[PDB]
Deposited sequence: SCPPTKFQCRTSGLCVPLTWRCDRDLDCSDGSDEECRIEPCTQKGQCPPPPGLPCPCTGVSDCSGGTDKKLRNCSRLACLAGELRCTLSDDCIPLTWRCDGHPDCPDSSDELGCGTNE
């Protein structure tokens, strides 16, 4: 009971896009689903992304490869 360019789901039947499929996270129901950084910023390791220094070791992976939350924790 769903469209062609969207997915369908098997427990809700709520249809879901399928650039969502299936992207290592549970979107459904069931489960069938160089440009130099600014000063004070920091470059990701496996990419070009830049993030504020203050986002390093703040408990959330802001880099696509979680580079900022590796080497946690230090002392001092």
As a test: can you identify every run of the deposited sequence that has no C-alpha position in this structure, in order? 34 to 75
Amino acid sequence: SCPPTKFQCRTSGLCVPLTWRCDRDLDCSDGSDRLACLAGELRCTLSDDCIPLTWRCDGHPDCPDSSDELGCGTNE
From here on, numbers count along this sequence of modelled residues.
Going by the entry, of stretches 45 to 53 and 22 to 30 the one with greater average Cα B-factor is 22 to 30
Which is higher on mean Cα B factor in this entry, 57 to 65 or 11 to 19? 11 to 19
